[PDB]
Amino acid sequence: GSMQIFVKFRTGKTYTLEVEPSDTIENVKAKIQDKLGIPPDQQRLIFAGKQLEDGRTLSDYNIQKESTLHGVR
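Basis of the calculations
Residues numbered from 1 in each chain as written, not as in the entry; some residues may be left out. Heavy atoms only, no water. Residues with missing side-chain atoms left out of burial classes, pairs and counts. Helix = DSSP H or I, 4+ residues; strand = E, 2+ residues; numbered from the N terminus. Rg over C-alpha atoms; globule rule 2.2 N^0.38 Å. Contact = heavy atoms within 4.5 Å. Buried < 20%, exposed > 50% of the residue type's maximum accessible area, 1.4 Å probe, protein only. Pairing = 2+ DSSP bridges. Axes fitted to C-alpha atoms, helices over the stretch in contact; angles between N-to-C directions. Expected span 1.5 Å × (residues − 1). Arc of directions from axis to C-beta. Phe/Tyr/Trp six-rings, centres within 6.5 Å; stacked < 30°, edge-to-face > 60°.

If you check the header, you'll see the entry was determined by X-ray crystallography and the resolution is listed as 1.1200 Å.

1. So, the overall build of the protein chain
Helix and strand counts for the protein chain stand at 1 helix and 5 strands. Secondary structure of the protein chain in N-to-C order comes out as β-β-α-β-β-β. Over its C-alpha atoms the protein chain spans a radius of gyration of 11 Å, differing by no more than 12% from the 11 Å that the globule rule assigns to 73 residues. Principal axes of the C-alpha set define a box for the protein chain whose edges measure 25 × 25 × 20 Å. Considering only contacts in the protein chain between residues 6 or more positions apart, those separated by 24 or more positions represent 50%.

2. A few points about the pairing of strand β1 (residues 3-9)
Because side chains alternate across β1, one face comprises the buried residues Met-3, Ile-5, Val-7 and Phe-9, and the other comprises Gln-4, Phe-6 and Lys-8, none of which is buried. The pairing of β1 with strand β2 (residues 14-19) spans 6 bridges and is antiparallel. If you follow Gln-4 over to β2, its bridge partner there is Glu-18. Where β1 hands over to β2, the hairpin turn is made up of 4 residues, of which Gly-12 adopts a positive phi near 95°. Here β1 pairs with strand β5 (residues 68-72) via 4 bridges, running parallel. Looking across to β5, one finds that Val-7 is bridged to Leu-69.

3. What about the sheet that holds β2?
Here we have 5 strands laid out as an open sheet, ordered β2-β1-β5-β3-β4, and mixed in their pairing. At either margin of the open sheet sits one strand with a lone partner, and together these are β2 and β4 (50-51). Against the sheet, helix α1 (residues 25-36) contacts β1, β2, β3 (44-47) and β5, and its axis sits at roughly 125° relative to β2.

4. Considerations on α1
Over its 12 residues, α1 runs 16 Å from end to end, which matches the ideal 16 Å to within 8%, given 1.5 Å per residue. Every buried residue of α1 is accounted for by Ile-25, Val-28, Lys-29 and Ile-32. The buried residues of α1 occupy an angular sector of 100° when projected down its axis, which confines them to one face. Residues of α1 that are buried sit in contact with β1, β2, β3 and β5.

5. Some details on the packing of aromatic side chains
In the structure shown here, the tally under the stated rule is 1 aromatic pair. For the ring pair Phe-9 and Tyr-15, a centre distance of 6.4 Å and an interplane angle of 65° mean the geometry is edge-to-face.

Given below as structure tokens:
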């Protein structure tokens, strides 16, 4: 399956991203690189005050459709 989330950067810019529940966090970082040109080695992803850890999945963190991730490069 699929869902649309948001990724919000410290600049205020917020982008849509199309993910799957099964996706690992490092897979999400790969999608960000495809859309925005930020390599995964310059990304950290935060949901609701926790840093998302690469080897876990979105579903492991209770990410819902239309949730917003904050990123730090």
